[PDB]
Amino acid sequence: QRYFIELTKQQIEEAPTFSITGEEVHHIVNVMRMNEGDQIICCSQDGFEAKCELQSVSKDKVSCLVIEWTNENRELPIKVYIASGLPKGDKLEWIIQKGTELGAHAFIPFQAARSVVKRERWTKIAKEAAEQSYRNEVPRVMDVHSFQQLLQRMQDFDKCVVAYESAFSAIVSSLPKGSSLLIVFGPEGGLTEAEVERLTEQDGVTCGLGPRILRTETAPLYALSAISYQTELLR
Amino acid sequence: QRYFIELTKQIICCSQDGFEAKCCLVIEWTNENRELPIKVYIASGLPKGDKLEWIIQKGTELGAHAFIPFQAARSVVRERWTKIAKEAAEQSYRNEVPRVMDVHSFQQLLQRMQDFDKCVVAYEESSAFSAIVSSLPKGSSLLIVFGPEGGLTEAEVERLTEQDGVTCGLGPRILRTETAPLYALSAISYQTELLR
């Protein structure tokens, strides 16, 4: 039902209809087997959502007519970046997937001291979650970062919370529309005393996320969900 | 290490009545309680694959008091579930092992709603969610209903509304069937524990 088009809103407005080429055609035509007259949801590269009607359906080209510009924006009011210490098994895919459903702006995996242990599949997982959750953007998944490299990234964001153990509601409720937030989590083992020390000197502020102990795949989910509650449900 | 034992009132032990202790010889009672201020019952329409296993686990680490699996209209569908709860309780330092009830039918779900202080239906047709949770007094009961993949059905919503459940959105992004309960629980801890 929902597709990310490699055109801008103004490029789609350009002509009377527009066409879909590549990966998506196959999904439209072969996998779903849609016919002319069928309706889909398209989001441009600049975040604009449209209701489209399949005017033409070929084997490599699909033509669409925009029947409505929804004006719907479902993006979190603030940019939240998830930094995760490489978890085991396939927990990173769950973090990326639910994370996108919950509004995360980008993911940054990093080698962590207790990390006991692909990106092309991660990018794919983020795009599909992005499609199924009606995001106006597809979250970017970065390259696995050394612990050091992560430390050098910190300067780019407005704030940084370190999930470790009540600054959290304060910082989140004091961030303005459009600002950036970095949240780093440790792996199954958890961040190290040494590691916290380096994060805290880079302005990272340690915060608890409730009194219950949360798994690595669970912590970021709580965090995104709380930000949503605060910035969208109360505000 | 932390283990649940059935007797009522080095490792950590937790009585059946919820009293945590450092120990066998009991050396000290911690006095620590990490349960949510309100009793939140998670009612989810039976999902596919192993999604309900996921909900039990994550939801126990996030404070669920109890789980009520039921047959939804769009549902295409116990001992293991209980085991997943207990282990999830163990690792997260809960004081209580949430119980997972027998799978109910929709009807059974409806007959059980009167028990609760407040019933929320995770659904939006139009959000009164923060208003409700912000207003439940400590110790009260909250049942939240969630559909399976595909969602609750309009017919179903109508009958839940006849029984006093209130429809409430959970933000503007479409959440999968296993993501919704984790959001609600997280939001709840945020309101009643981090803001309060």
# chains A, B, ... in the order shown; residues from 1 in each chain; ligands from 1

$ select_by_dssp --residues "segment 27-220 of chain A" --states "strand (DSSP E)" --output "count of residues only"
51

$ interface_residues --of "chain A" --to "chain B" --cutoff "8 Å" --atoms "only C-alpha atoms" --output "number ranges by chain"
A: 74, 98, 101-103, 132-135, 166, 168-169, 209-214, 218, 221-223, 225-226, 228-229, 232-234

$ write_last_selection --atoms "C-alpha atoms" --output "compact mmCIF listing (two decimals), in the first residue's frame"
# COMPACT_ATOMS: atom_id res chain seq x y z
CA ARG A 74 3.49 11.67 11.13
CA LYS A 98 10.27 -1.26 15.97
CA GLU A 101 7.60 2.18 13.69
CA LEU A 102 8.14 4.37 16.80
CA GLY A 103 9.56 7.41 14.98
CA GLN A 132 4.06 -0.08 7.06
CA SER A 133 4.01 2.66 9.69
CA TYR A 134 3.25 5.57 7.39
CA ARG A 135 6.44 7.46 8.09
CA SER A 166 15.67 11.22 36.25
CA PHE A 168 14.96 12.07 31.00
CA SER A 169 11.55 13.76 31.25
CA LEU A 209 14.21 4.63 32.00
CA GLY A 210 12.03 3.39 34.86
CA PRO A 211 12.89 1.09 37.78
CA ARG A 212 12.58 -2.13 35.81
CA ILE A 213 15.68 -3.53 34.06
CA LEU A 214 15.23 -3.52 30.28
CA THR A 218 13.61 -3.08 24.82
CA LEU A 221 11.47 1.20 22.39
CA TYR A 222 10.45 2.58 25.78
CA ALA A 223 12.50 5.68 25.06
CA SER A 225 7.44 5.63 23.02
CA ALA A 226 7.92 8.01 25.97
CA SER A 228 5.98 10.29 21.55
CA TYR A 229 3.79 10.42 24.65
CA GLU A 232 2.58 14.27 20.84
CA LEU A 233 0.03 12.99 23.42
CA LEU A 234 0.45 15.62 26.14

$ residues_around --residues "residue 115 of chain B" --least-positions-apart "3" --cutoff "10 Å" --atoms "only C-alpha atoms" --output "VMD selection string"
chain B and resid 111 to 112 118 to 119 141 to 143

$ write_last_selection --atoms "N, CA, C and O atoms" --output "PDB file, in the first residue's frame"
ATOM      1  N   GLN B 111     -17.503 -10.001  28.818  1.00  0.00           N
ATOM      2  CA  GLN B 111     -18.053 -10.282  30.144  1.00  0.00           C
ATOM      3  C   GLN B 111     -17.074  -9.925  31.250  1.00  0.00           C
ATOM      4  O   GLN B 111     -17.445  -9.802  32.425  1.00  0.00           O
ATOM      5  N   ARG B 112     -15.792  -9.886  30.925  1.00  0.00           N
ATOM      6  CA  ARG B 112     -14.743  -9.625  31.887  1.00  0.00           C
ATOM      7  C   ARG B 112     -14.469  -8.150  32.053  1.00  0.00           C
ATOM      8  O   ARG B 112     -13.874  -7.770  33.047  1.00  0.00           O
ATOM      9  N   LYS B 118     -11.071   0.882  34.380  1.00  0.00           N
ATOM     10  CA  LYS B 118     -11.188   1.630  33.125  1.00  0.00           C
ATOM     11  C   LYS B 118     -10.733   0.775  31.961  1.00  0.00           C
ATOM     12  O   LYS B 118      -9.813  -0.022  32.137  1.00  0.00           O
ATOM     13  N   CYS B 119     -11.436   0.838  30.843  1.00  0.00           N
ATOM     14  CA  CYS B 119     -11.117   0.060  29.676  1.00  0.00           C
ATOM     15  C   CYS B 119     -10.775   0.970  28.485  1.00  0.00           C
ATOM     16  O   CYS B 119     -11.579   1.801  28.079  1.00  0.00           O
ATOM     17  N   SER B 141      -7.151  -0.403  38.279  1.00  0.00           N
ATOM     18  CA  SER B 141      -7.029  -1.386  37.233  1.00  0.00           C
ATOM     19  C   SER B 141      -7.244  -0.762  35.858  1.00  0.00           C
ATOM     20  O   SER B 141      -8.325  -0.189  35.688  1.00  0.00           O
ATOM     21  N   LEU B 142      -6.448  -1.135  34.886  1.00  0.00           N
ATOM     22  CA  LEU B 142      -6.621  -0.645  33.526  1.00  0.00           C
ATOM     23  C   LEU B 142      -6.511  -1.773  32.509  1.00  0.00           C
ATOM     24  O   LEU B 142      -5.437  -2.367  32.395  1.00  0.00           O
ATOM     25  N   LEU B 143      -7.578  -2.039  31.770  1.00  0.00           N
ATOM     26  CA  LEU B 143      -7.521  -3.038  30.699  1.00  0.00           C
ATOM     27  C   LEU B 143      -7.345  -2.246  29.384  1.00  0.00           C
ATOM     28  O   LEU B 143      -8.029  -1.220  29.291  1.00  0.00           O
TER      29      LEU B 143
END

$ select_by_dssp --residues "chain B" --states "alpha helix (DSSP H)" --output "ChimeraX atom specification"
/B:51-61,79-92,106-112,129-135,154-162,180-189

$ residues_around --residues "segment 18-23 of chain A" --least-positions-apart "5" --cutoff "8 Å" --atoms "only C-alpha atoms" --output "VMD selection string"
chain A and resid 5 12 60 to 65

$ atom_distance --atom1 "atom CA of residue 170 of chain A" --atom2 "atom CA of residue 235 of chain A"
14.3 Å

$ residues_around --residues "residue 71 of chain A" --least-positions-apart "5" --cutoff "9 Å" --atoms "only C-alpha atoms" --output "ChimeraX atom specification"
/A:48-50

$ closest_residue --among "B:56, B:113, B:24, B:155" --to "residue 87 of chain B" --atoms "only C-alpha atoms"
B:56

$ residues_around --residues "residue 78 of chain A" --least-positions-apart "3" --cutoff "9 Å" --atoms "only C-alpha atoms" --output "ChimeraX atom specification"
/A:75,105,175-181,227,231

$ write_last_selection --atoms "N, CA, C and O atoms" --output "PDB file, in the first residue's frame"
ATOM      1  N   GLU A  75       5.707  12.554  11.498  1.00  0.00           N
ATOM      2  CA  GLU A  75       7.063  12.529  12.050  1.00  0.00           C
ATOM      3  C   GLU A  75       7.128  13.059  13.468  1.00  0.00           C
ATOM      4  O   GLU A  75       6.322  13.899  13.880  1.00  0.00           O
ATOM      5  N   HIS A 105      14.746   8.725  14.170  1.00  0.00           N
ATOM      6  CA  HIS A 105      15.243   9.443  13.008  1.00  0.00           C
ATOM      7  C   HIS A 105      16.420   8.762  12.347  1.00  0.00           C
ATOM      8  O   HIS A 105      16.556   8.831  11.126  1.00  0.00           O
ATOM      9  N   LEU A 175      13.265  20.043  24.900  1.00  0.00           N
ATOM     10  CA  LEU A 175      13.763  20.133  23.527  1.00  0.00           C
ATOM     11  C   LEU A 175      12.707  20.752  22.623  1.00  0.00           C
ATOM     12  O   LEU A 175      11.511  20.438  22.687  1.00  0.00           O
ATOM     13  N   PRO A 176      13.134  21.635  21.745  1.00  0.00           N
ATOM     14  CA  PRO A 176      12.250  22.336  20.829  1.00  0.00           C
ATOM     15  C   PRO A 176      12.019  21.634  19.510  1.00  0.00           C
ATOM     16  O   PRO A 176      12.828  20.869  18.978  1.00  0.00           O
ATOM     17  N   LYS A 177      10.879  21.941  18.884  1.00  0.00           N
ATOM     18  CA  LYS A 177      10.556  21.369  17.570  1.00  0.00           C
ATOM     19  C   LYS A 177      11.769  21.473  16.653  1.00  0.00           C
ATOM     20  O   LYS A 177      12.352  22.553  16.533  1.00  0.00           O
ATOM     21  N   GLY A 178      12.137  20.363  16.026  1.00  0.00           N
ATOM     22  CA  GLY A 178      13.260  20.296  15.117  1.00  0.00           C
ATOM     23  C   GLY A 178      14.593  19.965  15.717  1.00  0.00           C
ATOM     24  O   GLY A 178      15.560  19.793  14.975  1.00  0.00           O
ATOM     25  N   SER A 179      14.764  19.916  17.037  1.00  0.00           N
ATOM     26  CA  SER A 179      16.064  19.690  17.641  1.00  0.00           C
ATOM     27  C   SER A 179      16.481  18.229  17.587  1.00  0.00           C
ATOM     28  O   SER A 179      15.652  17.351  17.407  1.00  0.00           O
ATOM     29  N   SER A 180      17.770  17.951  17.827  1.00  0.00           N
ATOM     30  CA  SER A 180      18.286  16.623  17.732  1.00  0.00           C
ATOM     31  C   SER A 180      18.644  15.981  19.053  1.00  0.00           C
ATOM     32  O   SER A 180      19.288  16.594  19.906  1.00  0.00           O
ATOM     33  N   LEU A 181      18.328  14.673  19.171  1.00  0.00           N
ATOM     34  CA  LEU A 181      18.668  13.974  20.411  1.00  0.00           C
ATOM     35  C   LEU A 181      19.334  12.629  20.139  1.00  0.00           C
ATOM     36  O   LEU A 181      18.898  11.852  19.296  1.00  0.00           O
ATOM     37  N   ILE A 227       8.992   9.510  24.328  1.00  0.00           N
ATOM     38  CA  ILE A 227       9.114  10.812  23.633  1.00  0.00           C
ATOM     39  C   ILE A 227       7.826  11.143  22.902  1.00  0.00           C
ATOM     40  O   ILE A 227       7.321  12.283  22.893  1.00  0.00           O
ATOM     41  N   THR A 231       5.832  14.543  23.591  1.00  0.00           N
ATOM     42  CA  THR A 231       5.776  15.537  22.526  1.00  0.00           C
ATOM     43  C   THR A 231       4.533  15.446  21.670  1.00  0.00           C
ATOM     44  O   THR A 231       4.244  16.443  21.002  1.00  0.00           O
TER      45      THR A 231
END

$ closest_residue --among "B:71, B:134, B:10, B:192" --to "residue 156 of chain B" --atoms "only C-alpha atoms"
B:71

$ decode --residues "segment 54-88 of chain B" --atoms "N, CA, C and O atoms" --output "CSV table (one decimal), in the first residue's frame"
chain,number,residue,atom,x,y,z
B,54,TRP,N,6.6,-12.7,22.2
B,54,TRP,CA,7.3,-11.4,22.2
B,54,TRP,C,6.5,-10.4,23.1
B,54,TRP,O,7.1,-9.9,24.1
B,55,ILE,N,5.2,-10.3,22.9
B,55,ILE,CA,4.4,-9.4,23.8
B,55,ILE,C,4.5,-9.8,25.3
B,55,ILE,O,4.5,-8.8,26.1
B,56,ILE,N,4.5,-11.0,25.6
B,56,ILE,CA,4.6,-11.5,27.0
B,56,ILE,C,5.9,-11.0,27.7
B,56,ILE,O,5.9,-10.5,28.8
B,57,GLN,N,6.9,-11.3,26.9
B,57,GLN,CA,8.3,-11.0,27.4
B,57,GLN,C,8.5,-9.5,27.6
B,57,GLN,O,8.8,-9.1,28.6
B,58,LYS,N,8.4,-8.8,26.5
B,58,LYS,CA,8.6,-7.4,26.5
B,58,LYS,C,7.7,-6.7,27.5
B,58,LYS,O,8.1,-5.7,28.2
B,59,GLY,N,6.4,-7.1,27.5
B,59,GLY,CA,5.4,-6.5,28.3
B,59,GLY,C,5.6,-6.8,29.8
B,59,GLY,O,5.2,-6.0,30.7
B,60,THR,N,6.2,-7.9,30.1
B,60,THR,CA,6.5,-8.2,31.5
B,60,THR,C,7.6,-7.3,32.0
B,60,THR,O,7.6,-6.7,33.0
B,61,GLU,N,8.6,-7.1,31.1
B,61,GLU,CA,9.7,-6.2,31.5
B,61,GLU,C,9.3,-4.7,31.6
B,61,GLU,O,9.8,-3.9,32.3
B,62,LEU,N,8.1,-4.4,31.0
B,62,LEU,CA,7.6,-3.1,30.9
B,62,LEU,C,6.5,-2.8,31.9
B,62,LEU,O,5.8,-1.8,31.8
B,63,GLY,N,6.2,-3.7,32.8
B,63,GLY,CA,5.2,-3.6,33.8
B,63,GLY,C,3.9,-4.3,33.7
B,63,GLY,O,3.0,-4.0,34.6
B,64,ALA,N,3.6,-5.1,32.7
B,64,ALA,CA,2.2,-5.6,32.6
B,64,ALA,C,1.9,-6.4,33.8
B,64,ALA,O,2.7,-7.3,34.3
B,65,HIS,N,0.7,-6.2,34.4
B,65,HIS,CA,0.3,-7.0,35.6
B,65,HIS,C,-0.2,-8.4,35.1
B,65,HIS,O,-0.3,-9.3,36.0
B,66,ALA,N,-0.7,-8.5,33.9
B,66,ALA,CA,-1.3,-9.7,33.4
B,66,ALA,C,-1.7,-9.6,31.9
B,66,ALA,O,-1.9,-8.5,31.3
B,67,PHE,N,-1.8,-10.7,31.3
B,67,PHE,CA,-2.0,-10.9,29.9
B,67,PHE,C,-3.3,-11.7,29.6
B,67,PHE,O,-3.5,-12.7,30.2
B,68,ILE,N,-4.1,-11.2,28.7
B,68,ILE,CA,-5.4,-11.9,28.3
B,68,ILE,C,-5.5,-12.0,26.8
B,68,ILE,O,-6.0,-11.2,26.1
B,69,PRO,N,-5.0,-13.1,26.3
B,69,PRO,CA,-5.1,-13.5,24.9
B,69,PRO,C,-6.5,-13.8,24.5
B,69,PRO,O,-7.2,-14.5,25.3
B,70,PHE,N,-7.0,-13.3,23.4
B,70,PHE,CA,-8.4,-13.7,23.0
B,70,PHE,C,-8.5,-13.9,21.5
B,70,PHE,O,-7.6,-13.5,20.8
B,71,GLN,N,-9.6,-14.5,21.1
B,71,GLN,CA,-9.8,-14.8,19.7
B,71,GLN,C,-10.4,-13.5,19.1
B,71,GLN,O,-11.6,-13.2,19.4
B,72,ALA,N,-9.7,-12.8,18.2
B,72,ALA,CA,-10.2,-11.6,17.5
B,72,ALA,C,-10.9,-12.1,16.2
B,72,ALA,O,-10.6,-13.1,15.6
B,73,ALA,N,-11.7,-11.2,15.6
B,73,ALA,CA,-12.3,-11.5,14.3
B,73,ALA,C,-11.2,-11.7,13.3
B,73,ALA,O,-11.3,-12.7,12.5
B,74,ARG,N,-10.1,-10.9,13.3
B,74,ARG,CA,-9.1,-11.2,12.3
B,74,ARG,C,-8.0,-12.1,12.7
B,74,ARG,O,-6.9,-12.2,12.1
B,75,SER,N,-8.3,-12.8,13.8
B,75,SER,CA,-7.3,-13.7,14.3
B,75,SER,C,-7.3,-15.0,13.5
B,75,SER,O,-8.3,-15.7,13.3
B,76,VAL,N,-6.2,-15.4,13.0
B,76,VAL,CA,-6.0,-16.6,12.2
B,76,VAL,C,-5.5,-17.7,13.1
B,76,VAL,O,-4.3,-18.2,13.0
B,77,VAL,N,-6.2,-18.0,14.2
B,77,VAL,CA,-5.7,-18.9,15.2
B,77,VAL,C,-6.8,-19.7,15.9
B,77,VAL,O,-6.6,-20.7,16.6
B,78,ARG,N,0.7,-22.3,26.3
B,78,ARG,CA,0.2,-21.7,27.6
B,78,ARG,C,1.3,-21.9,28.7
B,78,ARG,O,1.6,-21.0,29.5
B,79,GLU,N,1.8,-23.1,28.7
B,79,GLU,CA,2.8,-23.5,29.7
B,79,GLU,C,4.1,-22.8,29.3
B,79,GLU,O,4.8,-22.3,30.1
B,80,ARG,N,4.4,-22.7,28.0
B,80,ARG,CA,5.5,-22.0,27.5
B,80,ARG,C,5.4,-20.5,27.8
B,80,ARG,O,6.4,-19.9,28.4
B,81,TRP,N,4.2,-19.9,27.7
B,81,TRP,CA,3.9,-18.5,27.9
B,81,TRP,C,4.2,-18.1,29.3
B,81,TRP,O,4.7,-17.0,29.6
B,82,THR,N,3.8,-18.9,30.2
B,82,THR,CA,4.0,-18.8,31.7
B,82,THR,C,5.5,-18.8,32.0
B,82,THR,O,6.0,-18.0,32.8
B,83,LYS,N,6.2,-19.7,31.3
B,83,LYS,CA,7.6,-19.8,31.5
B,83,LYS,C,8.3,-18.5,30.9
B,83,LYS,O,9.2,-18.0,31.6
B,84,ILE,N,7.9,-18.0,29.8
B,84,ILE,CA,8.4,-16.7,29.3
B,84,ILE,C,8.1,-15.6,30.2
B,84,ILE,O,9.0,-14.8,30.5
B,85,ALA,N,6.9,-15.5,30.8
B,85,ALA,CA,6.6,-14.5,31.8
B,85,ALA,C,7.6,-14.6,33.0
B,85,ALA,O,8.4,-13.6,33.3
B,86,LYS,N,7.7,-15.7,33.7
B,86,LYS,CA,8.5,-15.9,34.8
B,86,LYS,C,10.0,-15.5,34.6
B,86,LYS,O,10.6,-14.8,35.4
B,87,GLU,N,10.5,-15.9,33.4
B,87,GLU,CA,11.9,-15.6,33.1
B,87,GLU,C,12.1,-14.1,32.9
B,87,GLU,O,13.1,-13.5,33.2
B,88,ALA,N,11.1,-13.5,32.2
B,88,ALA,CA,11.1,-12.1,31.9
B,88,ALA,C,11.0,-11.3,33.2
B,88,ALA,O,11.7,-10.4,33.5
